[PDB]
>>> print(open('start.pdb').read())   # PDB, C-alpha atoms and all ligand atoms
ATOM      1  CA  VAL A   3     -14.304  -6.301  18.598
ATOM      2  CA  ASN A   4     -14.364  -6.124  14.791
ATOM      3  CA  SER A   5     -16.953  -5.379  12.104
ATOM      4  CA  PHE A   6     -17.594  -8.910  10.719
ATOM      5  CA  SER A   7     -21.403  -9.961  10.909
ATOM      6  CA  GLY A   8     -23.399 -13.218  10.702
ATOM      7  CA  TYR A   9     -20.420 -15.474  11.018
ATOM      8  CA  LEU A  10     -20.750 -18.867  12.629
ATOM      9  CA  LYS A  11     -17.876 -19.503  15.030
ATOM     10  CA  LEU A  12     -16.087 -22.786  14.310
ATOM     11  CA  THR A  13     -13.124 -22.663  16.684
ATOM     12  CA  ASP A  14     -11.385 -20.133  18.895
ATOM     13  CA  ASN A  15     -10.091 -18.330  15.791
ATOM     14  CA  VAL A  16     -11.980 -19.605  12.689
ATOM     15  CA  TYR A  17     -15.358 -18.229  11.548
ATOM     16  CA  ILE A  18     -17.437 -19.124   8.461
ATOM     17  CA  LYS A  19     -20.321 -17.622   6.468
ATOM     18  CA  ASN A  20     -22.253 -18.058   3.333
ATOM     19  CA  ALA A  21     -21.250 -15.100   1.359
ATOM     20  CA  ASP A  22     -19.763 -13.679  -1.798
ATOM     21  CA  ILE A  23     -16.263 -12.595  -0.715
ATOM     22  CA  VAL A  24     -16.497  -9.629  -3.143
ATOM     23  CA  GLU A  25     -19.565  -8.119  -1.448
ATOM     24  CA  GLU A  26     -18.239  -8.880   2.033
ATOM     25  CA  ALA A  27     -15.061  -7.125   1.191
ATOM     26  CA  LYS A  28     -16.775  -3.988  -0.111
ATOM     27  CA  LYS A  29     -18.853  -3.745   3.107
ATOM     28  CA  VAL A  30     -16.222  -4.510   5.764
ATOM     29  CA  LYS A  31     -13.186  -2.937   4.063
ATOM     30  CA  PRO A  32     -11.148  -5.451   6.037
ATOM     31  CA  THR A  33      -7.465  -4.863   6.659
ATOM     32  CA  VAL A  34      -6.672  -8.015   4.628
ATOM     33  CA  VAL A  35      -8.642  -9.868   1.978
ATOM     34  CA  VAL A  36      -7.093 -13.110   0.724
ATOM     35  CA  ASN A  37      -7.084 -13.864  -2.980
ATOM     36  CA  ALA A  38      -7.008 -17.409  -4.322
ATOM     37  CA  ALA A  39      -4.099 -16.612  -6.613
ATOM     38  CA  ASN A  40      -1.964 -18.576  -9.050
ATOM     39  CA  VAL A  41       1.819 -18.205  -9.327
ATOM     40  CA  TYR A  42       1.485 -15.794 -12.276
ATOM     41  CA  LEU A  43      -1.116 -13.582 -10.538
ATOM     42  CA  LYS A  44      -3.340 -14.027 -13.628
ATOM     43  CA  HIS A  45      -6.747 -13.322 -12.099
ATOM     44  CA  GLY A  46      -8.952 -14.984 -14.721
ATOM     45  CA  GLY A  47     -11.652 -16.866 -12.854
ATOM     46  CA  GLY A  48     -12.896 -18.130  -9.543
ATOM     47  CA  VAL A  49     -12.327 -15.894  -6.532
ATOM     48  CA  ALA A  50      -9.421 -14.138  -8.266
ATOM     49  CA  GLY A  51     -11.401 -13.274 -11.389
ATOM     50  CA  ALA A  52     -14.251 -11.984  -9.232
ATOM     51  CA  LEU A  53     -12.035  -9.856  -6.951
ATOM     52  CA  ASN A  54     -10.131  -8.458  -9.911
ATOM     53  CA  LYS A  55     -13.310  -7.507 -11.772
ATOM     54  CA  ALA A  56     -14.562  -5.703  -8.679
ATOM     55  CA  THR A  57     -11.357  -3.574  -8.838
ATOM     56  CA  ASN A  58     -12.053  -2.663 -12.495
ATOM     57  CA  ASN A  59      -8.862  -4.627 -13.411
ATOM     58  CA  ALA A  60      -6.609  -2.477 -11.187
ATOM     59  CA  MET A  61      -5.625  -5.627  -9.269
ATOM     60  CA  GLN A  62      -4.395  -7.205 -12.532
ATOM     61  CA  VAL A  63      -2.439  -4.086 -13.539
ATOM     62  CA  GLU A  64      -0.678  -3.977 -10.165
ATOM     63  CA  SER A  65      -0.083  -7.738 -10.317
ATOM     64  CA  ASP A  66       1.508  -7.624 -13.765
ATOM     65  CA  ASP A  67       3.983  -4.994 -12.539
ATOM     66  CA  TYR A  68       4.747  -7.199  -9.486
ATOM     67  CA  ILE A  69       5.496 -10.235 -11.681
ATOM     68  CA  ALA A  70       7.571  -8.209 -14.152
ATOM     69  CA  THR A  71       9.775  -7.119 -11.218
ATOM     70  CA  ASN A  72       9.825 -10.249  -9.027
ATOM     71  CA  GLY A  73       8.913 -13.266 -11.159
ATOM     72  CA  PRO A  74       6.270 -15.834 -10.238
ATOM     73  CA  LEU A  75       5.286 -16.848  -6.753
ATOM     74  CA  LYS A  76       5.849 -20.365  -5.392
ATOM     75  CA  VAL A  77       2.957 -22.775  -4.965
ATOM     76  CA  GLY A  78       2.313 -22.449  -1.235
ATOM     77  CA  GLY A  79       3.604 -18.866  -1.282
ATOM     78  CA  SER A  80       2.101 -15.391  -1.104
ATOM     79  CA  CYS A  81       2.636 -11.696  -1.596
ATOM     80  CA  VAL A  82       0.987  -8.594  -0.126
ATOM     81  CA  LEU A  83      -0.337  -6.053  -2.609
ATOM     82  CA  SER A  84      -2.968  -3.305  -2.504
ATOM     83  CA  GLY A  85      -6.549  -4.126  -1.570
ATOM     84  CA  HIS A  86      -7.799  -1.410  -3.959
ATOM     85  CA  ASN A  87     -11.501  -0.651  -3.261
ATOM     86  CA  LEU A  88     -12.018  -3.942  -1.372
ATOM     87  CA  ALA A  89      -9.566  -3.852   1.604
ATOM     88  CA  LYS A  90      -6.354  -2.084   2.750
ATOM     89  CA  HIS A  91      -4.310  -5.042   1.574
ATOM     90  CA  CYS A  92      -4.771  -8.127  -0.571
ATOM     91  CA  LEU A  93      -2.804 -11.205   0.477
ATOM     92  CA  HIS A  94      -2.424 -13.207  -2.747
ATOM     93  CA  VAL A  95      -1.978 -16.834  -1.634
ATOM     94  CA  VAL A  96      -1.217 -19.736  -4.003
ATOM     95  CA  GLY A  97      -2.837 -22.978  -2.929
ATOM     96  CA  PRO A  98      -2.032 -26.089  -4.971
ATOM     97  CA  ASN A  99      -4.238 -26.561  -8.043
ATOM     98  CA  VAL A 100      -5.226 -30.261  -8.209
ATOM     99  CA  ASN A 101      -6.351 -29.656 -11.832
ATOM    100  CA  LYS A 102      -2.638 -28.976 -12.490
ATOM    101  CA  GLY A 103      -1.421 -31.978 -10.476
ATOM    102  CA  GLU A 104       0.083 -29.947  -7.636
ATOM    103  CA  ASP A 105       0.834 -31.597  -4.306
ATOM    104  CA  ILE A 106      -2.056 -31.181  -1.865
ATOM    105  CA  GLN A 107       0.396 -31.177   1.048
ATOM    106  CA  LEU A 108       1.384 -27.680  -0.105
ATOM    107  CA  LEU A 109      -2.044 -26.607   1.158
ATOM    108  CA  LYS A 110      -0.724 -26.392   4.738
ATOM    109  CA  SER A 111       2.177 -24.183   3.585
ATOM    110  CA  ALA A 112      -0.330 -21.948   1.792
ATOM    111  CA  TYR A 113      -2.446 -21.492   4.918
ATOM    112  CA  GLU A 114       0.680 -20.692   6.996
ATOM    113  CA  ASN A 115       0.840 -17.351   5.150
ATOM    114  CA  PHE A 116      -2.343 -16.332   6.998
ATOM    115  CA  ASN A 117      -0.439 -16.407  10.319
ATOM    116  CA  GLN A 118       1.437 -13.232   9.344
ATOM    117  CA  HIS A 119      -1.845 -11.240   9.665
ATOM    118  CA  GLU A 120      -3.920 -10.772  12.818
ATOM    119  CA  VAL A 121      -7.305 -10.765  11.022
ATOM    120  CA  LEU A 122      -8.257 -11.835   7.484
ATOM    121  CA  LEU A 123     -11.285 -12.251   5.239
ATOM    122  CA  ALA A 124     -10.529 -15.250   3.082
ATOM    123  CA  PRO A 125     -11.875 -17.969   0.809
ATOM    124  CA  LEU A 126     -11.107 -21.625   1.309
ATOM    125  CA  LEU A 127      -7.740 -22.169  -0.352
ATOM    126  CA  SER A 128      -7.567 -24.644  -3.235
ATOM    127  CA  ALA A 129     -11.402 -24.911  -3.301
ATOM    128  CA  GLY A 130     -13.599 -24.089  -6.297
ATOM    129  CA  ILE A 131     -11.760 -24.226  -9.620
ATOM    130  CA  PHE A 132      -8.531 -25.229  -7.846
ATOM    131  CA  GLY A 133     -10.070 -28.682  -7.488
ATOM    132  CA  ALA A 134      -9.432 -29.628  -3.858
ATOM    133  CA  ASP A 135     -12.073 -30.939  -1.467
ATOM    134  CA  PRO A 136     -13.376 -27.879   0.446
ATOM    135  CA  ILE A 137     -14.027 -29.986   3.569
ATOM    136  CA  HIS A 138     -10.349 -30.951   3.613
ATOM    137  CA  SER A 139      -9.276 -27.444   3.001
ATOM    138  CA  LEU A 140     -11.372 -26.384   6.004
ATOM    139  CA  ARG A 141      -9.680 -29.003   8.201
ATOM    140  CA  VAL A 142      -6.214 -27.809   7.164
ATOM    141  CA  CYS A 143      -7.294 -24.203   7.756
ATOM    142  CA  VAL A 144      -8.485 -24.966  11.294
ATOM    143  CA  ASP A 145      -5.357 -27.022  12.060
ATOM    144  CA  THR A 146      -2.894 -24.453  10.605
ATOM    145  CA  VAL A 147      -4.172 -20.881  10.997
ATOM    146  CA  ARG A 148      -3.805 -19.388  14.471
ATOM    147  CA  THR A 149      -4.834 -15.812  13.621
ATOM    148  CA  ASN A 150      -8.482 -14.723  13.235
ATOM    149  CA  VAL A 151      -9.869 -15.877   9.887
ATOM    150  CA  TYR A 152     -13.339 -15.073   8.513
ATOM    151  CA  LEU A 153     -14.084 -17.484   5.736
ATOM    152  CA  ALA A 154     -16.530 -16.510   3.015
ATOM    153  CA  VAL A 155     -18.134 -19.428   1.181
ATOM    154  CA  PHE A 156     -20.004 -18.374  -1.961
ATOM    155  CA  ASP A 157     -22.114 -21.519  -2.444
ATOM    156  CA  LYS A 158     -24.923 -21.908   0.095
ATOM    157  CA  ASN A 159     -25.147 -25.665  -0.483
ATOM    158  CA  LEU A 160     -21.413 -26.102   0.075
ATOM    159  CA  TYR A 161     -21.522 -24.018   3.118
ATOM    160  CA  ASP A 162     -24.297 -25.922   4.823
ATOM    161  CA  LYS A 163     -22.299 -29.080   4.067
ATOM    162  CA  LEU A 164     -19.042 -27.808   5.452
ATOM    163  CA  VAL A 165     -20.927 -26.865   8.635
ATOM    164  CA  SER A 166     -22.805 -29.988   9.124
ATOM    165  CA  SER A 167     -19.662 -32.276   8.457
ATOM    166  CA  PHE A 168     -17.322 -30.162  10.622
ATOM    167  CA  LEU A 169     -15.665 -31.850  13.597
TER     168      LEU A 169
HETATM  169  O1  LIG A 201     -18.887 -25.912  -6.545
HETATM  170  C1  LIG A 201     -18.637 -26.070  -5.327
HETATM  171  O2  LIG A 201     -18.989 -27.145  -4.741
HETATM  172  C2  LIG A 201     -17.899 -24.964  -4.518
HETATM  173  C3  LIG A 201     -17.098 -24.012  -5.343
HETATM  174  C4  LIG A 201     -16.003 -23.403  -4.532
HETATM  175  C5  LIG A 201     -16.549 -22.034  -4.682
HETATM  176  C6  LIG A 201     -15.526 -21.117  -5.359
HETATM  177  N1  LIG A 201     -15.976 -19.726  -5.375
HETATM  178  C7  LIG A 201     -15.722 -18.854  -6.522
HETATM  179  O3  LIG A 201     -15.184 -19.250  -7.482
HETATM  180  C8  LIG A 201     -16.305 -17.420  -6.440
HETATM  181  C9  LIG A 201     -16.916 -16.909  -7.585
HETATM  182  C10 LIG A 201     -17.494 -15.633  -7.525
HETATM  183  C11 LIG A 201     -18.168 -14.876  -8.575
HETATM  184  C12 LIG A 201     -18.645 -13.603  -8.185
HETATM  185  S1  LIG A 201     -18.219 -13.444  -6.565
HETATM  186  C13 LIG A 201     -17.443 -14.958  -6.312
HETATM  187  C14 LIG A 201     -16.831 -15.548  -5.196
HETATM  188  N2  LIG A 201     -16.289 -16.762  -5.284
HETATM  189  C15 LIG A 201     -17.663 -22.628  -5.477
END
>>> encode(input="start.pdb", output="structure tokens", more="lines below")
Ligand SMILES: O=C(O)C[C@H]1C[C@H](CNC(=O)c2cc3ccsc3cn2)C1
Amino acid sequence: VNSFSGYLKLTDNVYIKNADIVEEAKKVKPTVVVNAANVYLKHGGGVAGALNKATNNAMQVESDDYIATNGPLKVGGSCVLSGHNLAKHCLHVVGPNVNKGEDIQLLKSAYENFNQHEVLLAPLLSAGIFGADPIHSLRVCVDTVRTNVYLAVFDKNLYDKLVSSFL
């Protein structure tokens, strides 16, 4: 038993809700919140900009130190940093950005990072400003992630669509 509420169960291990991932994080304090990161950990917009703002920019400060020490992530890769006031940990995961021409097949590699964590609150990778089809992203998520994933979908319209087109 865990503290997640109002989720619709999609599969054995995937759950989905219409929700702002920022507010869901502040209420659940999950062990892991996933950020829709880029390779530079520059949290300007989308989910990343919203999560970072909710940390009063502490996420960005920590991220800049990480990059200065380690260099950029790989597309499809991840790193674990602090969750600040939102979670114990933030798993920064880089899905391919279609608006940068990145290979959508790397989306499966990106979701594989979730398997290193038993439970996660997460957005749909490569959705929103990353330009991929959220329905596709959901299919890859269901077919790749084996751990328990609680997906927060900000847009109510998108959500209802994802649900009603789900197989
Ligand atoms: O437009 C569509 O069809 C769907 C797109 C994908 C979804 C991306 N979500 C975000 O950027 C996001 C923004 C913010 C802002 C404050 S909290 C928050 C959570 N998330 C909207």
>>> closest_atom_pairs(input="start.pdb", of="chain A", to="ligand LIG 201 (chain A)", cutoff="7 Å", atoms="only C-alpha atoms and all ligand atoms", output="JSON lines")
{"residue": "A:22", "atom": "CA", "partner": "A:LIG201", "partner_atom": "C14", "distance": 4.9}
{"residue": "A:23", "atom": "CA", "partner": "A:LIG201", "partner_atom": "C14", "distance": 5.4}
{"residue": "A:24", "atom": "CA", "partner": "A:LIG201", "partner_atom": "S1", "distance": 5.4}
{"residue": "A:47", "atom": "CA", "partner": "A:LIG201", "partner_atom": "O3", "distance": 6.9}
{"residue": "A:48", "atom": "CA", "partner": "A:LIG201", "partner_atom": "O3", "distance": 3.3}
{"residue": "A:49", "atom": "CA", "partner": "A:LIG201", "partner_atom": "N2", "distance": 4.2}
{"residue": "A:52", "atom": "CA", "partner": "A:LIG201", "partner_atom": "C12", "distance": 4.8}
{"residue": "A:129", "atom": "CA", "partner": "A:LIG201", "partner_atom": "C4", "distance": 5.0}
{"residue": "A:130", "atom": "CA", "partner": "A:LIG201", "partner_atom": "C4", "distance": 3.1}
{"residue": "A:131", "atom": "CA", "partner": "A:LIG201", "partner_atom": "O3", "distance": 6.4}
{"residue": "A:155", "atom": "CA", "partner": "A:LIG201", "partner_atom": "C5", "distance": 6.6}
{"residue": "A:156", "atom": "CA", "partner": "A:LIG201", "partner_atom": "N2", "distance": 5.2}
{"residue": "A:157", "atom": "CA", "partner": "A:LIG201", "partner_atom": "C15", "distance": 5.5}
{"residue": "A:160", "atom": "CA", "partner": "A:LIG201", "partner_atom": "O2", "distance": 5.5}
>>> resolve_selection(input="start.pdb", expression="the PyMOL selection byres (((chain A and resi 112-126) around 7) and not hetatm)", output="ChimeraX atom specification")
/A:32,34-36,78-80,95-97,108-111,127-129,136,139-140,143,146-155
>>> atom_distance(input="start.pdb", atom1="CA of residue 5 in chain A", atom2="CA of residue 28 in chain A")
12.3 Å
>>> atom_distance(input="start.pdb", atom1="CA of residue 51 in chain A", atom2="CA of residue 63 in chain A")
13.0 Å
>>> atom_distance(input="start.pdb", atom1="CA of residue 99 in chain A", atom2="CA of residue 142 in chain A")
15.4 Å
>>> axis_aligned_box(input="start.pdb", around="range 128-141 of chain A", padding_each_side="8 Å", output="lines of an AutoDock Vina configuration file")
center_x = -10.8
center_y = -27.5
center_z = -0.7
size_x = 22.5
size_y = 22.9
size_z = 33.8
>>> residues_around(input="start.pdb", residues="residue 133 in chain A", least_positions_apart="6", cutoff="9 Å", atoms="all atoms listed in the file", output="PDB file with C-alpha atoms, keeping the file's coordinate frame")
ATOM      1  CA  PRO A  98      -2.032 -26.089  -4.971  1.00  0.00           C
ATOM      2  CA  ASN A  99      -4.238 -26.561  -8.043  1.00  0.00           C
ATOM      3  CA  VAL A 100      -5.226 -30.261  -8.209  1.00  0.00           C
ATOM      4  CA  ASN A 101      -6.351 -29.656 -11.832  1.00  0.00           C
ATOM      5  CA  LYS A 102      -2.638 -28.976 -12.490  1.00  0.00           C
TER       6      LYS A 102
END
>>> resolve_selection(input="start.pdb", expression="the PyMOL selection byres (((chain A and resi 60) around 12) and not hetatm)", output="MDAnalysis selection string")
chainID A and resid 45 51 53:59 61:67 83:88
>>> residues_near_point(input="start.pdb", point="(-21.4, -19.1, 9.5)", cutoff="12 Å", atoms="only C-alpha atoms", output="PyMOL selection string")
chain A and resi 6-13+16-21+151-156+158+160-166+168
>>> resolve_selection(input="start.pdb", expression="the PyMOL selection byres (((chain A and resi 74) around 8) and not hetatm)", output="PyMOL selection string")
chain A and resi 41-43+69+72-73+75-76
